[PDB]
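Just the one chain here, the form deposited in one PDB entry, laid out as structure tokens.
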């Protein structure tokens, strides 16, 4: 069933997590390194690459930063596995871990630092699929033996789609992504898409609201550009962000219990091996 925006404040969300008795959670981060990032900054990052490093922070650095300031409490041990996808070394088939022997980022300061160190060494490629990053998350959950996890994907939302194709027929990248979201709902996993750049967002919204085959609504879309573009205080922007990111988490947590996913090994999850970071 679909999960609406049931909470109008961060406070309501924390109470809702309180009533549901959330005691433990961990984060997983995935980062879109596809070529489309070079042109989805046309309006919102002044015709620059969304991954372009400079004196100003790019939307990815901004999103990492706010995630660290608003969501760090939801990773119980401050160690965050981070993965990249869609560069020339992974295309639409694989992900790579930020560090060689899969070692984790200690805190989101290191996530930000490691991102900065990695990105200019990457050939941004494609095609764009969320299938590998979601399948990587699935493997992290299955290996922890059903420990509750939130996958945060920071991306520009431009999954390789058909066009024009009226049809209702899906590109392989889109179909595999939907298949992964469906399969993911056999595990105690929440997905939050932090959308950066110009969009368009119709497809992310469809992942958010309309996938009939999945066991429960396991996917939330946060339009990061739209929240940051508001004429509000920085403190109010972070609250709006945290509220958007967490909106579906209490019902999703509860759903993992009602559907008997939490703490349970599914036994039917392919083990995805991350590639090493393609760097020096």
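Numbering follows the first chain given and starts at 1. Think of the rigid core as the biggest set of C-alphas that the two forms share within 1.5 Å after superposition.
The form deposited in another entry exists for this protein as well; it is not shown, and the discussion that follows is about that form.
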Check: Superposing on the core, which single option in 96, 148, 115, 207 has a CA shift of 2 Å or more between the shown form and the other one?
Finding: 207
Next item on the list: Answer yes if the CA of residue 178 moves 2 Å or more between the shown form and the other one after aligning the rigid core, and no otherwise.
Entry: no
Notebook entry, point to check: Does the distance between the two CA positions of residue 14 reach 2 Å or more between the shown form and the other one, the core being superposed?
Noted result: yes
Note to self: Would residue 236 count as moving between the shown form and the other one, using a Cα shift of 2 angstroms or more after superposing the core as the test?
What the structure shows: no
Checklist line | Comparison of CA distance in the other entry with shown form for residue 203, residue 271, at least 3 Å | finding: farther
Next item on the list: Regarding residue 236 and residue 17, go with closer or farther for their CA spacing in the other entry versus this form, the difference being 3 Å or more.
Entry: closer
